[PDB]
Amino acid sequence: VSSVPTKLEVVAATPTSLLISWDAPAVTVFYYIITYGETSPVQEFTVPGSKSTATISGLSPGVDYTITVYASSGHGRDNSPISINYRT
């Protein structure tokens, strides 16, 4: 569907940090909202709508995390996201 990113993957990692990448959705993205937490409070940050990568740090090694990417059409979490699970 046109507003949901695809092919979210971890593309580089250290024991405590990683870089995620995705294929942008078809719509014009106003900004992205990225959330992550142990698969504990969920952390959230943003990147510009022109990006398709993001860095996450402060992770505990050997722990399973759920990482979620929303493409916003301008009204916060207004489109459905894509998520991935990853053990550091």
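A residue's number is simply how far along the shown sequence it sits, counting from 1.
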property: Where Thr39 meets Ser40 in the shown sequence, the number of deposited residues left unmodelled; result: 1 to 3
property: Stretch with the higher entry mean CA B-factor, where the candidates are 13 to 21 and 68 to 76; result: 13 to 21
property: Of 24 to 32 and 58 to 66, the one with larger mean CA B-factor; result: 58 to 66
property: Within-chain third of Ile84 by Cα B-factor, per the entry; result: middle
property: Third of the chain's Cα B-factor distribution that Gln43 belongs to, per the entry; result: highest
